[PDB]
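**Student:** Protein chains in written order, with the numbering used here: chain W, 1 to 192; chain G, 1001 to 1174; chain Y, 2001 to 2171; chain E, 3001 to 3613; chain L, 4001 to 4434.
Ideal Cβ positions, reconstructed from N, Cα and C, are used throughout, including at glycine.
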Amino acid sequence: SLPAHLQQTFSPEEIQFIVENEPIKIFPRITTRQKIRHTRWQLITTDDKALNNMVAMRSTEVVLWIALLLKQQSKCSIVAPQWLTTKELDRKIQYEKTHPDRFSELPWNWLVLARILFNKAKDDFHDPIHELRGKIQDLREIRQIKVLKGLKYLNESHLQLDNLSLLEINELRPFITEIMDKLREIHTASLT
Amino acid sequence: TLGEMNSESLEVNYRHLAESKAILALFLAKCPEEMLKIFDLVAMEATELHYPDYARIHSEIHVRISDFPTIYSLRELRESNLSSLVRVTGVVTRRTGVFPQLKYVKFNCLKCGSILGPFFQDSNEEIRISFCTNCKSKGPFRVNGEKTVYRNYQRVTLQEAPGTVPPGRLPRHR
Amino acid sequence: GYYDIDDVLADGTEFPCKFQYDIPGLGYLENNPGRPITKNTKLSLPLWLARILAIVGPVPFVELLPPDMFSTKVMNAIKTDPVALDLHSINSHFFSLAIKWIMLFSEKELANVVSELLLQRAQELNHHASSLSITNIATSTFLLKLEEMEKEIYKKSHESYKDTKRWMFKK
Amino acid sequence: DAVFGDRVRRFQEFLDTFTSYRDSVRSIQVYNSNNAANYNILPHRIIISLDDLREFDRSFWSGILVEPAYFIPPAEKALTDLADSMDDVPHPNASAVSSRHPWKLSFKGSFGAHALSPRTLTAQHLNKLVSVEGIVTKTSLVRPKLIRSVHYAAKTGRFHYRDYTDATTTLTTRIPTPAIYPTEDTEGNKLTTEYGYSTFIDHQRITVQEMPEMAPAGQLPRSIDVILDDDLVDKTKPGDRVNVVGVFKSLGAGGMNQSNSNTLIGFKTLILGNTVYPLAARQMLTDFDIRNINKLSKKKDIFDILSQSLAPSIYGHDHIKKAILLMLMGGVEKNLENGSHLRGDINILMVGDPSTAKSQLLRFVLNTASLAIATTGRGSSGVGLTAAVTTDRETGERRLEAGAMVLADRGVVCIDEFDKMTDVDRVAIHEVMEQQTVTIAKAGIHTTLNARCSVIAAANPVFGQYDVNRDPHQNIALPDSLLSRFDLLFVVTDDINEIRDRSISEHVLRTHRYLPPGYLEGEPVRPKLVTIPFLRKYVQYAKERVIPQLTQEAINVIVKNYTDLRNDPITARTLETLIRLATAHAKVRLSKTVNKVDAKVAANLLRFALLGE
Amino acid sequence: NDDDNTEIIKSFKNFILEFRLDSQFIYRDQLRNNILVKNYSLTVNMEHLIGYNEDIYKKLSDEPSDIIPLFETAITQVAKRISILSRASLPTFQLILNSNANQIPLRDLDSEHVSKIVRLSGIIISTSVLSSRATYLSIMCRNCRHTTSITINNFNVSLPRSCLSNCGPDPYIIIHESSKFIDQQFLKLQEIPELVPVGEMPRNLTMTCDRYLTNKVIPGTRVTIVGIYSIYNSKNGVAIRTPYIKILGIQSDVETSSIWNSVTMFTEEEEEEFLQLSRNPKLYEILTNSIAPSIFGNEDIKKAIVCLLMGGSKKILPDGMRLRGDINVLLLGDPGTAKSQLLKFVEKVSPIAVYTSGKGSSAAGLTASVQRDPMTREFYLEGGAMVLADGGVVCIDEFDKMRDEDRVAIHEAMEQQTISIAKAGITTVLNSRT
Ligand SMILES: Nc1ncnc2c1ncn2[C@@H]1O[C@H](COP(=O)(O)OP(=O)(O)O)[C@@H](O)[C@H]1O
Ligand SMILES: Nc1ncnc2c1ncn2[C@@H]1O[C@H](COP(=O)(O)OP(=O)(O)O)[C@@H](O)[C@H]1O
Ligand SMILES: [Zn+2]
Ligand SMILES: [Zn+2]
């Protein structure tokens, strides 16, 4: 029933769905607030109290599919997180270049959220998009170098990483799982 | 029609110089190199009077003198015809490929800061560098890329035509 | 696995072996009609016979000789340069046969050799799978030197990288 | 140096770990001492396995296979120290003390990516140890080279030696010595050179060309020039399918001088050959192979088994394949006291219709012979078949290079389209068939060259199709004088049939339905029958081991059959031809005597060849 | 001047790192995927460099020989930034250009285009042997025994006269142990026969390739080449310095897979389209109508032509029996049946194909010939028309008229698929699968 390319791993659009199902800070451009003198929102998979209390030009916290849906309307503009600034990305780049053995303390959804906000929020960034995408590509490349260095330690027992992103888990999942499964199969056949 | 397909050759009939200003035809017959060295500048000014800013297309113009009234074969060339215009009938047997040649040769003296001045190539023998403009001795010389001009060069072996030679004799090669 | 078709072709390969008993009536093993098998007969049989013919038999019925695919020459060639070795010309399913030989004959040195070989060609497999053209000779000659399970792993990794490339790079 | 000494003790530890090399050095030394001093000399070389050094030190193994200039001379120094410490000889010679060749290294084992070909030798493999495979071509003459000069001073009475270094001799780069002998000493006044104590090595240049079967589409085979060290000199003849292991090195200024300012020429690249492998033309014979050979020799139809074992894909021509079998194991040669050279090499001319698989039998006897050289009617010259005189590059001297017909000595020549030689090539070929030696008198050179080789040739008639009118003149377009030197003139007719034609049709459709083992279905290619390496071992065993002699019970049959064949295109040479068959069948039986069963088979085969039976 | 050089290096570094089209850094990904397969090269489109900055385009196109090594240094700096972690090797790269410019013909190449990037087209007739040029040289002084290093870029330098410690006049030698080398392949280019001038001959022009551009073309292909038109002095009148072209880029749709290795370099969507064509229920009629659309009739001839173009399968037997995997077709008939037009169309359609005559042929011309090298005075075999058509199609026009000694040198080349030549002291069996 399940397709062969969705058998033992997630597709990247399922990762997009998973990271669309998080809260995010946002600026409404419409007023749905009841004054002292309109059907309610009434959702069942997220808290609708922050969406019922939606005030124009304020900071609220809504789920990301609502964020993208309202950005398509341009009724509400998505605010980038703290780590999507040039200074914080430069700090992450310096941490990557400082400790070669350890990955930086980036969020798990740092590639997928960046792609979503680049392709959907082209006028919602205080810093320019240009150097932001340059630093995103630099962090992606240095994380690729670190996972290429760490792949020399493919052990039969176990293998650990600290702060690898979910999209990088789907980058490296079938290769690592198949190679370690066959290494374990070789050693378990080697046991008496 | 020089400007029409961006040609650089301006044909001049020698009979036109014979009809009007025959002193100019005599000066061209006696001293052809300096006369053409004036004539190319004259033809370039005459082109720029009709086609302004033509120097961007072709920096130098050239003139092909046509119909010299005296035709000399290769057997009849003597010492009196040197440094003069000759009209020679012959067949081309050997043609070499196109070769780039330095129109102006310039070199860098290694020991001195001064550079050697650009000298025009006569396409017969190389320019003999006896000394430098700052040091009166020979030194290492190599071509600078500051001002380089390249022109096409090709030798042909002009054998005399076998219908033109006396019957049974040998041809001549120039 | 029962239904693994790669395992079915792995069991279909023939191994050299020696007959230990004088067994009449099995002349169709060596394509003869009716020849009884003499004592100490050298013959190539498929693995689905000789895997448990060496078990049942004390002296078992069939002795499994060391084949050319596990010889000292092949072991030394693997130990020298694991990357540019052409495993496809040796056997198309060398690794599954290696796993079955290790499970049958518990050899520790062969286990270390095949583990080290799998690690070194897995590095090069990952290097060729992560490369997406916007095919080179240096990758396709290595695809010419790959096994069926190894090109299966390469296909999984390469379609994973290509699908996430088109997801990240366009809608 | 310190790192040099460190690699010296590392290789000393390696030689201490594996004591087989010490035993081999001891065996070489005691063999040299027994065969030299006391009432054919083993040289200074050892067989180093890369695999045995790989489990010891992988750093030294990578140093040998990657940067061998800093790793092979320390191993040379360590091996020389071990050979000096192992040797315990009293009262040595002065030439033995002064001139000692250091113990060179010869390498075996798997190479991986470094095992290469002359086409794929490229600039990334320079200064690396590589193994190449290819045809030997253009062997330079053996010429000595001075590496150490020993001089004597009589005013002081002292011997001064000077070491001489070359780019090819030393893997490391030293300041080159201009090869001028020292005229005088700085303190010893006049110096006299003492030849005999000076050290000279043999120098030879060969050219390894790529094997032409591995050439790609549209490209000519490439070549490299390989220097041969003095132990390996004269191991290789042209046409040898050699495997050379050596350091791929580049030398010379190579246009980097100030005179060559903008010349785009490259550097001269060579291989300093560490070892040379034949790659087994004379295969070694294990005792199991000898047991198989002597077991199958006792069978009554070993001639039939070895006949249909030759080319099972070819249907028919069974007597022709029997003659091919007797051609590969050619008969005994007898050299008389007065000097008459009696030919023991049977030669076969096959004339007939197109698509009777004569050229396919030529290809089969090309592949399955120990030494085989092919040639074609319009692709041969008479000078190009025997020998051609040319200059040599490293000598500046004129010399011969052997052609096709001389390089196949003690082998076979596979001539295709023999009916259409140029007459110049016909003169040279007829000269070899009547003389077996070629006389070259040109370029100031008066030389004779031996060619004791067999000839199998294929030809068409002068018409498009062979006539059944049995005309003697329309068999071949060649003269009958060249027909006379051929022992077996087989003629084949592609007569049009139904049943036998269906048999040949089903046989070639069974031939096309073959799939080579270990290859995928539908992909491009990248009653007892013995195997063809076993057949080659049988042929080699019969060739070197047994020399048959001739006995009367074949002789009465032979003279009766000759009288029957002649008195009832016949030549007296046919008698010798029967001998060239008969003892050849003795080489099938491996007996040193010839019996009646050889002579009857000889008479039957010659009656098939002439009359058609 | 080094400030301008490092400004150029930094600017082209910023061109690599900062180029982005449709949310994609194409050149950083190209460099990463080129490093990951150990293909140390970067292919740059000229349109992209113009769209980034036209000032950089004039800096490239004005004096290319003095700035292409600076761009090489910038590419190696980007590569060491990308694939090497700092404070926790890679050789020099190669910049390969792609241009969509109008093709300058060989006869119009003259002194105006000296030291300028030109794009041309032609036919390869000869590829030489690979020669080992040097990049890194460990230069040793013979007297004071100190070792310096000279870095060589292969554009437009020799051994210097001072040892840089009297020490000696020319005290330098070269240590070959610690020297790095790259490849260099010489090519000879013949111009396109459709674009030759009137009444003249096609002029052969000598060209050079370095590093990964070597061994990319078989002789006989039709290729478009972008590269600089530089001048080198030759050992062979006055001021004659012979011209050549240093190749920066090779493109050829007719030629595939460089030297043939039976390798699958076709792209994946083109492979799927080709699979769709192989799944077509009437591809036979499509291939029949594809051959000679302007020739009426001759349907069986077109089917035989398609069978010739696809060919059979070469088989190998354990006894060495080699059987033919190609078919040879002879069209015998009246004039006006458009047989030679079918020959010309077969030469156009086939990837490897040559067109020959019967009158204009020779025995050493169709098969391989034995020629003499001028400098070494040694004989060598140069391939003929059936060597240039190896793995492909040879077409013969007026086969009835070629000489009786000339027809019969082809028998082994048609049937045995090999040419066995024993001439002038050279004996060999070349393969000719034609
Ligand atoms: N069993 C067979 N019987 C007859 N002919 C065969 C058989 N097998 C192969 N052949 C054909 O013999 C041909 C080779 O003979 P050919 O090339 O005509 O020899 P030559 O070149 O000496 O005339 C091949 O084309 C092959 O098709
Ligand atoms: N069926 C056809 N369709 C189009 N043109 C044709 C056809 N038949 C003949 N021709 C024309 O007639 C000429 C025939 O020449 P061709 O027969 O090829 O020369 P040859 O006799 O040497 O083979 C060609 O130039 C072609 O243009
Ligand atoms: Zn000066
Ligand atoms: Zn010095």
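With a cut-off of 7 Å, give the chain-ordered residues whose Cβ is closer than this to any heavy atom of ligand 3.
**Tutor:** That query returns the following residues: G:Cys1109, G:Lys1111, G:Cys1112, G:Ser1114, G:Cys1132, G:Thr1133, G:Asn1134, G:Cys1135, G:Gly1139.
**Student:** Using a Cβ-based criterion (distance less than 8 Å to any ligand heavy atom), does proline 4171 of chain L qualify as near ligand 4?
**Tutor:** Taking the first residue of the fifth sequence as 1, we reach residue 4171 of chain L at position 171. Yes, Cβ of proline 4171 of chain L sits closer than 8 Å to a heavy atom of ligand 4.
**Student:** Residues in the stretch 4070-4096 of chain L with C-beta within 7 Å of chain W's C-beta atoms, listed in sequence order?
**Tutor:** Cβ contacts with chain W: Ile4082, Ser4083, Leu4085, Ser4086, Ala4088.
**Student:** Among the candidates E:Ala3584, E:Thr3593, E:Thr3563, whose CA atom is the shortest distance from the CA of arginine 3607 of chain E?
**Tutor:** Locating residue 3607 of chain E in the fourth sequence gives position 607, counting from the first residue. Nearest C-alpha to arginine 3607 of chain E: E:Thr3563.
**Student:** Quick check: what's the CA-CA separation for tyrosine 4212 of chain L versus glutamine 4094 of chain L?
**Tutor:** The residue you call residue 4212 of chain L lines up with position 212 of the fifth sequence. The residue you call residue 4094 of chain L lines up with position 94 of the fifth sequence. Computed Cα separation, rounded: 8 Å.
**Student:** Under 8 Å, CB to CB, which of the residues in the stretch 1124-1145 of chain G have a partner in chain C?
**Tutor:** Of the chains in the structure shown, none is chain C; the protein chains are W, G, Y, E and L.
**Student:** DSSP beta-bridge partners for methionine 4140 of chain L?
**Tutor:** Position 140 of the fifth sequence, counting from 1, holds the residue named residue 4140 of chain L. L:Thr4147, L:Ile4173.
**Student:** Hey, could you find the ends of the alpha helix (DSSP H) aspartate 3480 of chain E is sitting in?
**Tutor:** If you number the fourth sequence from 1, residue 3480 of chain E lands on position 480. 3480-3485 is the span of the alpha helix (DSSP H), which, as asked, contains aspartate 3480 of chain E.
**Student:** Please decide whether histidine 187 of chain W counts as near chain Y, where near means a Cβ-Cβ distance under 9 Å.
**Tutor:** The residue labelled residue 187 of chain W in the question sits at position 187 within the first sequence. Yes, because at least one Cβ of chain Y sits closer than 9 Å to the Cβ of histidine 187 of chain W.
**Student:** For ligand 2, is there any heavy atom lying closer than 8 Å to the beta carbon of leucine 3610 of chain E?
**Tutor:** Against the fourth sequence, residue 3610 of chain E aligns to sequence position 610. The answer is no for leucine 3610 of chain E.
**Student:** What residues from the stretch 2038-2055 of chain Y come within 9 Å of chain L, judged by C-beta to C-beta, listed N to C?
**Tutor:** Flagged: no residues at all.
**Student:** In chain E, which residues lie less than 7 Å from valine 4129 of chain L when you measure between Cβ atoms?
**Tutor:** Position 129 of the fifth sequence holds residue 4129 of chain L. The answer, in chain order, is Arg3222.
**Student:** Looking at the unbroken alpha helix (DSSP H) that takes in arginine 3536 of chain E, where does it start and where does it end?
**Tutor:** Residue 3536 of chain E sits at position 536 when you count from the first residue of the fourth sequence. 3532-3544 is the span of the alpha helix (DSSP H), which, as asked, contains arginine 3536 of chain E.
**Student:** So the candidates are E:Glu3613, E:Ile3048, E:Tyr3195, E:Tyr3070; which of them puts its Cα closest to the Cα of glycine 3109 of chain E?
**Tutor:** By 1-based counting over the fourth sequence, the position of residue 3109 of chain E is 109. Residue E:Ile3048 is the option with its Cα nearest to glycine 3109 of chain E.
**Student:** Cα separation between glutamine 1159 of chain G and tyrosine 1072 of chain G?
**Tutor:** Reading the second sequence from its first residue, position 159 is the one you call residue 1159 of chain G. Reading the second sequence from its first residue, position 72 is the one you call residue 1072 of chain G. Taking the straight line from one Cα to the other gives about 14 Å.
**Student:** Quick one: does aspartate 4022 of chain L have its CB under 9 Å from some CB of chain Y?
**Tutor:** Here residue 4022 of chain L refers to the residue found at position 22 of the fifth sequence. Judged by the 9 Å Cβ criterion, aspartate 4022 of chain L is in contact with chain Y.
**Student:** Compute the minimum distance between the beta carbon of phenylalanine 4345 of chain L and the heavy atoms of ligand 2, and state whether it is under 8 Å.
**Tutor:** The residue you call residue 4345 of chain L lines up with position 345 of the fifth sequence. No, since every heavy atom of ligand 2 falls outside the 8 Å radius drawn around the Cβ of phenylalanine 4345 of chain L.
**Student:** When we look at the beta-carbon of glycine 1145 of chain G and count the other beta-carbons within 10 Å, is it buried (16 or more) or exposed?
**Tutor:** The residue you call residue 1145 of chain G lines up with position 145 of the second sequence. Result: exposed.
**Student:** Along the stretch 3283-3317 of chain E, what residues have a CB closer than 8 Å to any CB found in chain L?
**Tutor:** Result list: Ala3311, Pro3312, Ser3313, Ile3314.
**Student:** I believe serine 4131 of chain L touches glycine 3266 of chain E by the beta-carbon criterion, under 8 Å. Please report the beta-carbon distance rounded to the nearest angstrom.
**Tutor:** Stepping through the fifth sequence from its first residue, residue 4131 of chain L is reached at position 131. Stepping through the fourth sequence from its first residue, residue 3266 of chain E is reached at position 266. Indeed, because the Cβ distance is near 2 Å, the residues count as touching under 8 Å.
**Student:** Among Y:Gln2120, Y:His2158, Y:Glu2148, Y:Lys2108, which has the Cα closest to the Cα of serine 2131 of chain Y?
**Tutor:** For the purposes of this step, residue 2131 of chain Y is taken as residue 131 along the third sequence, with counting starting at 1. Among Y:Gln2120, Y:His2158, Y:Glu2148, Y:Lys2108, the Cα nearest to that of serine 2131 of chain Y is on Y:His2158.
**Student:** Let me confirm a value: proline 3221 of chain E is counted as buried when at least 16 other C-beta atoms fall within 10 Å, else exposed. Which label applies?
**Tutor:** To locate residue 3221 of chain E, count along the fourth sequence from 1; it is residue 221. When all chains shown are included, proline 3221 of chain E counts as buried.
**Student:** Could you check whether the Cβ of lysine 3358 of chain E sits closer than 8 Å to any heavy atom belonging to ligand 1?
**Tutor:** Residue numbering aside, residue 3358 of chain E sits at position 358 when the fourth sequence is read from its first letter. Result yes, Cβ under 8 Å from ligand 1.
**Student:** Tell me the rounded alpha-carbon separation between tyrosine 2021 of chain Y and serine 2096 of chain Y.
**Tutor:** As a first step, residue 2021 of chain Y must be located in the third sequence, where it is residue number 21. As a first step, residue 2096 of chain Y must be located in the third sequence, where it is residue number 96. About 29 Å.
**Student:** What alpha helix (DSSP H) runs, 4 residues minimum, are completely inside the stretch 4265-4338 of chain L?
**Tutor:** Fully enclosed alpha helix (DSSP H) runs of 4 or longer: 4268-4278, 4283-4290, 4299-4310.
**Student:** Tell me the DSSP bridge mates of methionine 4207 of chain L?
**Tutor:** Residue numbering aside, residue 4207 of chain L sits at position 207 when the fifth sequence is read from its first letter. Answer is L:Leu4187, L:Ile4245, bridged to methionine 4207 of chain L.
**Student:** Identify every residue that forms a DSSP beta bridge with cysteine 1109 of chain G.
**Tutor:** For the purposes of this step, residue 1109 of chain G is taken as the residue at position 109 of the second sequence. Paired residue(s): G:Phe1141.
**Student:** What residue does the alpha helix (DSSP H) around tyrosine 2161 of chain Y start on, and which one ends it?
**Tutor:** For the purposes of this step, residue 2161 of chain Y is taken as residue 161 along the third sequence, with counting starting at 1. It spans 2148-2169 - the alpha helix (DSSP H) in which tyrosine 2161 of chain Y sits, taken as one unbroken run.
**Student:** Return the bridge partner residues of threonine 60 of chain W from the DSSP annotation.
**Tutor:** Sequence index remark: in the first sequence, residue 60 of chain W carries index 60 (1-based). For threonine 60 of chain W, which the question treats as bridged, DSSP gives the partners W:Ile26.
**Student:** If you pair each beta-carbon of the stretch 2116-2125 of chain Y with each one of the stretch 2028-2044 of chain Y, do three or more pairs fall below 8 Å?
**Tutor:** At 8 Å Cβ cutoff, the stretches do not touch.
**Student:** Measure from the C-beta of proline 1100 of chain G to each C-beta in chain L and report whether the shortest distance is under 9 Å.
**Tutor:** By 1-based counting over the second sequence, the position of residue 1100 of chain G is 100. Answer yes: the Cβ-Cβ gap between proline 1100 of chain G and chain L drops below 9 Å somewhere.
**Student:** Pull out every residue of the stretch 4251-4283 of chain L whose Cβ sits closer than 9 Å to any Cβ of chain Y, in chain order.
**Tutor:** Per Cβ criterion, the list reads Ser4257, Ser4258, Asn4261, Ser4262, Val4263, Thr4264, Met4265, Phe4266, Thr4267, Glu4268.
**Student:** Shortest alpha-carbon distance to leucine 4323 of chain L belongs to which of E:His3446, E:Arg3566, E:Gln3360?
**Tutor:** Counting from 1 along the fifth sequence, the entry for residue 4323 of chain L is found at position 323. Of the listed residues, the one whose Cα sits closest to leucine 4323 of chain L is E:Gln3360.
**Student:** Indicate whether at least one CB of chain L lies closer than 9 Å to the CB of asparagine 1006 of chain G.
**Tutor:** Taking the first residue of the second sequence as position 1, residue 1006 of chain G is located at position 6. So no, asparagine 1006 of chain G is outside the interface.
**Student:** Is there a Cβ from chain L that is less than 9 Å from the Cβ of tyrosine 1051 of chain G?
**Tutor:** Your numbering for residue 1051 of chain G matches position 51 in the second sequence. Judged by the 9 Å Cβ criterion, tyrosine 1051 of chain G is not in contact with chain L.
**Student:** Could you tell me whether any Cβ in chain W is nearer than 9 Å to the Cβ of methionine 2103 of chain Y?
**Tutor:** By 1-based counting over the third sequence, the position of residue 2103 of chain Y is 103. Closer than 9 Å: yes.
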